[PDB]
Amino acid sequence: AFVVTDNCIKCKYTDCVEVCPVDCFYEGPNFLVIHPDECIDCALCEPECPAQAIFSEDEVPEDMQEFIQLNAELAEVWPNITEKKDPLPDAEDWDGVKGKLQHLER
């Protein structure tokens, strides 16, 4: 599975979903997650993220390992998203800020 990590929070550009062949992204208020059972590891979304927030799970940074289980858990509760929409309004101010998990909204 590919995993969405920290920099997606408060950016949520959603470019990643246009390229997903199996529609396995699920939508929260200010973050997206990949459903690990659905992902076919095609790696097509990883170059599309402007925030460079998607990683193969075997390449998730050490300080972002929490995101693996978070994607698995929230994917089970959030609605499926299959079409790109506009980025959050201040996405570029928050792109690159570290430690945005304290801002995640359920």
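Residues carry their position along the shown sequence, with the first being 1.
- Per the PDB record, of the two stretches 3 to 11 and 95 to 103, 95 to 103 carries the greater mean B-factor over its C-alpha atoms.
- Of the two segments, 26 to 34 and 44 to 52, the one listed with the higher mean B-factor is 44 to 52 (C-alpha atoms only).
- Looking at the C-alpha B-factors along this chain, the one for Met64 belongs to the middle third.
- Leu70: CA B factor in the lowest third of modelled residues in this chain (values from the PDB entry).
- In the deposited entry, the Cα temperature factor of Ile81 places it in the middle third of its chain's modelled residues.
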